[PDB]
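# Summary of structural features
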Amino acid sequence: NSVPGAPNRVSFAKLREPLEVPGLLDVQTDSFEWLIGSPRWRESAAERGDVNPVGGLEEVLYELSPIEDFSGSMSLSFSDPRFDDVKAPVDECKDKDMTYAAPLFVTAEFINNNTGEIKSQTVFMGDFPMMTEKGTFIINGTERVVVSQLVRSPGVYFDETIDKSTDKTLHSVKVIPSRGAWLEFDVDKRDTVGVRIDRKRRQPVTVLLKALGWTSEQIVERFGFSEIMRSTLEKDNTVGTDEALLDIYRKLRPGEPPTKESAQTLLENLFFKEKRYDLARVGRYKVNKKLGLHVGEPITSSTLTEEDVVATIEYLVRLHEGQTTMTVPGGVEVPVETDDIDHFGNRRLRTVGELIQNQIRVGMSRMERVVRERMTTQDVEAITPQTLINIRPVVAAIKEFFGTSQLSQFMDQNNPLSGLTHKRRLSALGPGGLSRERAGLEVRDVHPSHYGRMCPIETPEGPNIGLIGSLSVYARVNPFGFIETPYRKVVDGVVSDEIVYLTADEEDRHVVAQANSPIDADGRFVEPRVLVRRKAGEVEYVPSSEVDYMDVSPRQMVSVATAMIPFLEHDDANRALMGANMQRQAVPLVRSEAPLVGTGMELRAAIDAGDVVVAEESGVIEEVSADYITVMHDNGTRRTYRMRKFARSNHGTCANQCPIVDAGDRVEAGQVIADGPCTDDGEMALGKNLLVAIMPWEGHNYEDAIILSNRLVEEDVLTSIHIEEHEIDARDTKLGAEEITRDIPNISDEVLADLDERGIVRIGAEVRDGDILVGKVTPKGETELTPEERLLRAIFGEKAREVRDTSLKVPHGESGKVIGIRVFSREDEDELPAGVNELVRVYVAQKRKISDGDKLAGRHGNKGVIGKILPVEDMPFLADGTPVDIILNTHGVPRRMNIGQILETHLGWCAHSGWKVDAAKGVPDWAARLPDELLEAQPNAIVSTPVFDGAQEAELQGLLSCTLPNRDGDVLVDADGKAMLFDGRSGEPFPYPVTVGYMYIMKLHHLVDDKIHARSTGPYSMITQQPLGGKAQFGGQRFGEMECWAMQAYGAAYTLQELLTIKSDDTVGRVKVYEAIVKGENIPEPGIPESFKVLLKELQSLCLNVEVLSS
Amino acid sequence: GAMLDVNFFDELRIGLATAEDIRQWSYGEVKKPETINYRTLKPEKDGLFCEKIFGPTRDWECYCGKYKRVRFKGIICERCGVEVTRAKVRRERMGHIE
Amino acid sequence: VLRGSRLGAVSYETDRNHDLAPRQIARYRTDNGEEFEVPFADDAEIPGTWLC
Amino acid sequence: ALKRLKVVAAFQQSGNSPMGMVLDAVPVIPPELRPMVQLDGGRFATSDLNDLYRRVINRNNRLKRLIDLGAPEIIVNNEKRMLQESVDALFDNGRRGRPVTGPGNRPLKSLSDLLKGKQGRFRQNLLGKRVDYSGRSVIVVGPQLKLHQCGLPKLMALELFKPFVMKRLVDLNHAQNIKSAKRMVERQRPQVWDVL
Amino acid sequence: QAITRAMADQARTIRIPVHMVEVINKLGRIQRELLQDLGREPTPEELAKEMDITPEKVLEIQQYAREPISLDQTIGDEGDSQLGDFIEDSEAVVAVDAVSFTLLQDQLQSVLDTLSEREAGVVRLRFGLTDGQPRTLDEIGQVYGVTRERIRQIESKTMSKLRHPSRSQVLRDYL
Ligand SMILES: [Zn+2]
């Protein structure tokens, strides 16, 4: 429901949902339209207060303007950014290898103070790349996703450590800004209060207080409660503000002579001025919230203050003393406690608009440096904003962010789930956040403040586990960058329908119930004591009126890819992590059916991903073809929607779109009008439903291998289309110009048969490994030919052929049909790089059957390669005569704790066969909580068990005991879920019943045709002469240290020597080995490897006299 | 001891090279911070890629093309100074900066 | 796949040792008394100074 | 005195003189161990040691100009200190001070960086290499095999055993010579599997 | 003047002279002004008309203004692999060309050996198959005591013999 033409998927769920799932690309689109300053953002911010908001671009231009030279006689300031329409639409940008962008215009203004003159222009600032309707960027023709970054927010961070020599609690502070110099405040093993101002040595805090200008009477009056402060005031042996400033200056800038004004202004121009220190709006907000300084005041003047420094030291000494509350004079009370730096109220999120804003700010700093620099040279009253402004650094900053950055990534296009999960990703690493090797084991953990904000399950399993996560389903992001999650407000024990979005601090202040606690039909709790979540991750039982919030749903804590695993709470967390990560490696198949047992997430994850065509406005379908759908709206006007037929995605797969509407059908707004890569009738469909048996079978499924039927090869069940793109270009050389032609040097007319009369293949032609695709030739020059070659040319009459053949050929192991050619030319005014006269792209598509070595999976972490593809007739078959389609091994299930796959197999059999609960003498006791019209189902019913609220084991037992016969009255699978099978080879019945059912398996993008390589002799490196590495070359395999130790442990001196000399490095021995194999002789003796000679020349060039001695 | 490295080694000795060792290994002094010509892409004389110091770029040719076969093997061209020999000696000849 | 050339040629010849062109040896002397031998071709004019 | 006598006795008991710790000439590594290659498309790529050597030559030539010009000692000492720091950055970059960076604030790779570490000469190229006659694929279970047997896919075996099958194709008169035998193996004629 | 001429001499690895650095800086200023005052990256025709040169000279200057990339930079993101591990040495011995040339030398020597002695000697001394030095017809004529036109005539008749299918079938595959 709520989607206008959705298929009827009956749900096993028992609880009502108060809040619908949000837009699942809001994390991208809301941030970028904040950065623009869209009217949609402006009214959405006007809804949440009238706080006079400013966009990201206006914020950067306001904090930059006005730019003034040293004399103060002239100023340049910016205002009012504007965007034109985009230069070309998204499909044209992708087709023509362009960037989807819009021109940005700002209003610059120049003031000459001594006369009074306003010279105002309108300055073009560059082609700003725009975000499409799905949260992506088309940068140079490719679709890119900017990933949000998890960082530590600026603020004050109090913490304590316990000593191990004296066993004292040593408290400390760090106040860390964005863009500034740090300062700390320790309390050491002696009773002293220190300062390490800007990572210098140490000094007592009274030095810093006197340098700020505090007398000892003032210090005693303020810190009169602290014996620590009294002792460190007495033991400092430095009295006087000038003396303290001298003591600071003597170590802060060592070597510079202390002048009085420089010493007096060093502290102010290091911290308190907006040039070199500005903790941001978030940092000022967090400092004011921690110390309680300004309660309701709007956040401005984001530099540090002396009241902030004195409040920090006062907080530190009261924390060391052991109090729990304090108040600064002129503020509110705050609790006194230490800080956790991994807490999600201290970890913020630099989203896409903020990352682009930082790069704009970096570019405009260089622009204003050049503004001052050429403002001093040029004659005044002759200059104007377009003579002051050089926009080339801003253009280059945005360009080098969008290409070659860590957080601007190639979009994951395997299926719609990969695409939707690449957005909504929170990566902790990148430029400005922690590394991978230098990251501790404490930031890779799941913290109790991730509940509802980050998913505990979905994370990589490689060396990135914990450093990349995913947003939860209901989570929002603050104006400041903090992740919120919604809660239902409960008052006097009655759960109302107010939804409040709480960040992790306010959640720590309250006590939050659980979404499945019982409710007496008006909101009032049924039980007397409710299970809750308290301040520190404590889970208790409190009285029912102590509660003041409640989760909106179970599965509030999970993400999109994790909410699609049925029966998740019966799987262990390792196998759920694997299942969620393998779900976004499935390939699009040629037919794509939807699961029998799913959760309810598959529809919304398919509409929100965007590979489905959705009717924007209601109408009636006027004309359908395979290329377009044109609907005629209710007021005259029509609209046609082109489909994307057989388009290569970023990873080689196919991106077909198929209409699913008839030619007179009435559609509604929001109704799915055409399918996508991996969807069936509008909902995400990544695999196929296959009949499974859970026996072992003759060793062919030993240790996660898999046996398949040959029906899945004959009937094209698991068959997929993969497209490859090959590119060549013909540019100018020193000796002439390369050209694309059929008149190649000496090759036969056999290999020139499929080439049209410009040297490109014909569309539809089958290509093998080594076939010419584009015939190119380059000018060679003049060389000296061998006497043997000259004699052969004189015998056979051939000429010199002053051009050298360098064509584009199909690489090793590839084939397919040529389906498309895209040629760009210099003379037709296509925008090619300098030098290139022509560029040709050929598309070769092939259709891949399933074969052994290919990797399949289910949704519960059960992967495995195919070991055998049996014939149909030697497969275990039911008493019907029906063969099974896949055989999975028994030994792999119970030691992995993923019996969600077994309960899915049972429910899938019941959904295939259908059922009918016998409510003759009333409803049976196990079906008392079953929703009505789950009390019968037709064959091939689609059902849905949601994640933490689904079908119970009592319900699966009952539905197994009532299920429909096949064609005769023959119930083939008994009340345990087990069937009697026959052996396909011997013919005898298997002696015990076997578990059968329908599991939804999917085919993963780890196919054999990409994995296999071999090499006898190929390319070699340049400095050291060892083989290159990789399948993209020919590429050798590496024989490293551990393999050498295995050879030495065996005792294989000759095998090891031959591997390390005449198979890598011995340059004159490689050729003699080849010649000796071909002539049939004995393999010769090895020589010195070339890497040893390179080592000796590097040791000699470090001035070391290394020499080899004889005897 | 051995310098061509035919594999009868007994020892490998390391030590500290003096200036006489350095300017005895060297085949010539490099005295320009030049690498190749920007137009013809051929090495510059006395530069970091010089053929008179480090040996020729093409097998058995000099720099000016005056001597171009194995018949002239081991002689030095009287014009450009490039010894006509193999091109793989540019992995073996050192130079020095004074 | 990146493919680059250090701009030189590799010839396929048999490195013989017998039928070689005649050479004459000059001897030069720098201003600190060092001495060097330069093998010039036999039919070639020996220069007056040489950069050693 | 014990810690001093280690290095004083090292210089005594050998034939080393301690004068080799100060440099009067700097050796220059051969050119093809620091090459300048021309890529596809006319672009050049070079090897980060040419920049360090060029800094040494530039500052040395300018020092010769200042000494023969007769400049004051402030200028001459600043030039000598710069020459010393450039030779230090050639041998070991970032050991003393800030490293010399290239474009993009990336530090240049000096002569001691070619030797040290997991990616240096000793551990990357000498104790373990990449090898010819070498393949890789993905394993499946072979329960019909004996213990001394493996199943090798024929498309991998044809590439590993390519010179042996070229020799045998010539020997059985399926090919006239090694060139046409290599063409038969590359185009995968039906005689190739019988020979393999 | 000293700072600017030194920067022209010493800024780049491949040294461009001072006058070419001056026209590169001129083209840079012209291109910046046209991009600012046009709202679009100018064409080579617009640059060549603003700077009074031909539209191919603009491309020659713009391709001389390219700086080398580094062989020692990490081309990956996680594998810590440099650029120089991806560049195939396009001038190494291919190890099957080197043995094919050997077998071609042997086969060509066999086919020449099954002719007559003086007829094979004429072709070997003509094409320099023994010492790499192709002599002329008068040199071979004074070698065998014959005249130049008779040397040319017997050379033509040996080429007619060697163009036979019975000789050239074993050598057709080596081209
Ligand atoms: Zn020469």
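Before reading further, recall that the structure is shown in the block above.
Below: a short report on this structure. (Residues numbered from 1 in each chain as written, not as in the entry; some residues may be left out. Chains lettered and ligands numbered in written order. Part of a larger assembly, values for the part shown. Heavy atoms only, no water. Residues with missing side-chain atoms left out of burial classes, pairs and counts.)

### Some points on the packing of aromatic side chains
Rules: Pairing of aromatic side chains requires ring centres within 6.5 Å, counting the rings of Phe and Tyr and the six-membered ring of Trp. Pairs whose planes differ by under 30 degrees are stacked, by over 60 edge-to-face, and all others tilted. Only when the NZ of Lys or the CZ of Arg is both within 6 Å of the ring centre and within 35 degrees of the ring normal is a charge said to sit over the ring.
Evaluated as defined, the whole model comprises 19 aromatic pairs over all chains. Pairwise contacts between aromatic rings join A:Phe32, A:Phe83, A:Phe128, A:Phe137, A:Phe401 and A:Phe402 into one cluster. Residue placement shows B:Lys45 over the ring face of B:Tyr63; its charged tip is 4.2 Å from the ring centre. The ring of B:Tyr27 has B:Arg93 sitting right over it, with the charged end atom 4.5 Å from the ring centre.

### Concerning the environment of E:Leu129
Selection rule: Helix and strand assignments come from DSSP, with helices taken as H or I runs of at least 4 residues and strands as E runs of at least 2, each series counted from the N terminus. Here a residue-residue contact requires only that any non-hydrogen atoms of the pair lie within 4.5 Å.
The residue E:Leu129 is located in the loop between α6 (117-127) and α7 (137-144) in this model. As a C-alpha pair, E:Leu129 and E:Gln105 span 24 residues in sequence and 9.3 Å in three-dimensional space. Beyond its immediate chain neighbours, meaning those up to four positions away, E:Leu129 contacts A:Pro787, A:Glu788, A:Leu791, E:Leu112 and E:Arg124.

### Re the side chain of A:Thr741
All names here are of chain A. The condition is simple: Note on exposure labels: buried denotes an accessible area under 20% of the residue type's maximum, exposed denotes more than 50%, and partly exposed covers the range between, all computed with a 1.4 Å probe on protein chains only. Here a polar contact is taken to be a pair of N or O atoms separated by no more than 3.5 Å, where protein atoms must pair a possible hydrogen donor with a possible acceptor and residues adjacent in sequence count only if both atoms sit in side chains.
Considering the arrangement of structural elements, one finds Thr 741 in the loop between β37 (739-740) and β38 (766-767). The exposure class of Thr 741 is buried, given its relative accessible area of 16%. Within the structure, the side chain of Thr 741 is placed 2.9 Å from the backbone nitrogen of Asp 743, a separation counted as a polar contact. Residues in contact with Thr 741, not counting those within four places in the same chain, are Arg 758, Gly 759, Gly 775 and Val 777.

### Concerning the sheet that holds β37(A)
Residue and element names in this part refer to chain A. The line we're drawing: When DSSP finds two or more bridges between a pair of strands, those strands are recorded as paired.
One open sheet accounts for three strands, arranged β37-β40-β41; its pairing is antiparallel. Sheet topology places β37 and β41 (803-805) at the edges, where each strand pairs with a single neighbour. Bridging between strand β40 (residues 776-779) and β41 involves three bridges; their strand directions are antiparallel. Each bridged residue has a counterpart across the sheet, and for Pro 779 the counterpart in β41 is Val 803.

### Quick word on the nonpolar core
Stated formally: Residues enter a nonpolar core if they are buried and are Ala, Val, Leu, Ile, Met, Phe, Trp, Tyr or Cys, with the set joined through side-chain atoms within 4.5 Å.
In this structure, B:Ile97, D:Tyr53, D:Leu90 and D:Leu111 are the most contacted members of the largest nonpolar core, which totals 65 residues. Sorting elements by how many residues they give to this core places helix α2 (residues 49-69) of chain D first, with seven residues. Residues within four places of B:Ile97 in sequence aside, it is in contact with B:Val30, D:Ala25, D:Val26, D:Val28, D:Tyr53, D:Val56, D:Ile57 and D:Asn60.

### Quick look at empty space enclosed by the protein
Residue and element names in this part refer to chain A. Stated formally: Points on a 1 Å grid over protein atoms alone make up a cavity when a 1.4 Å probe fits among them but cannot get out, and a pocket when they form an open set with protein on both sides within 12 Å along at least five of seven lines; lining residues each have an atom within 4 Å of a point. Grid points are joined across faces, edges and corners, and a volume is the space filled by probe spheres set on the points. In the scheme used here, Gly and all other residues not listed as nonpolar or charged are polar, with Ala, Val, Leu, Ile, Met, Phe, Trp, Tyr, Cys and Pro taken as nonpolar and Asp, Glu, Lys and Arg as charged.
Here the largest cavity is characterised by a volume of approximately 60 Å³. Looking at the largest cavity, the residues that line it are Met 564, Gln 583, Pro 595, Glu 602, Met 684, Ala 685, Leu 686, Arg 859 and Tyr 1000. Taken together, the residues of the lining of the largest cavity sort by class into six nonpolar, one polar and two charged.

### Looking at a negative patch on the surface
Our working rule: For patch building, the residue pool is restricted to those with more than 30% relative accessible area and no salt bridge; the joining distance is 9 Å between like charges and 5 Å between nonpolar side chains (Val, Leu, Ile, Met, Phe, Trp, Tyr). Calculation of accessible area relied on Shrake-Rupley with a 1.4 Å probe; when residues are assessed, cover is drawn exclusively from the protein chains displayed. We count a salt bridge whenever a side-chain nitrogen from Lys or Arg sits within 4 Å of a carboxyl oxygen from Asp or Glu. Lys and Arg are tallied as positive, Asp and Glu as negative. Neither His nor the chain termini are counted. Charge positions are represented by NZ for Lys, CZ for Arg, CG for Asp and CD for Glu.
Together, A:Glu827, A:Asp828, A:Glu829, A:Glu831 and E:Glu45 make up a region of like negative charge exposed at the surface. For A:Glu831, the position within the fold is in the loop between β43 (816-825) and β44 (836-848). Owing to a relative accessible area of 76%, A:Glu831 belongs among the exposed residues under this scheme.

### A closer look at the interface of chain E and chain D
What counts, and what does not: Here the quantity called buried area is the total loss of accessible area, with a 1.4 Å probe, experienced by two parts when brought into contact, counted for both.
Across the boundary between the two partners, chain E contributes 23 residues, which contact 25 residues of chain D. Both sides together, the interface formed by chain E and chain D hides about 2,100 Å², and carbon and sulfur atoms give 54% of it. Joining chain E to chain D, the criterion identifies zero salt bridges. Summed over the shared surface of chain E and chain D, the number is nine residue pairs in polar contact. Mapped onto the side of chain E that touches chain D, the elements with two or more residues apiece are β1 (69-70) and α5 (97-113) of chain E. Broken down by element, the side of chain E that touches chain D gets its largest block of residues, three residues, from α5(E). Bridge count between strand β3 (residues 44-46) of chain D and β1(E): two bridges; the pairing is parallel. Paired with D:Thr46 across the strands is E:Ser70, a residue of β1(E).

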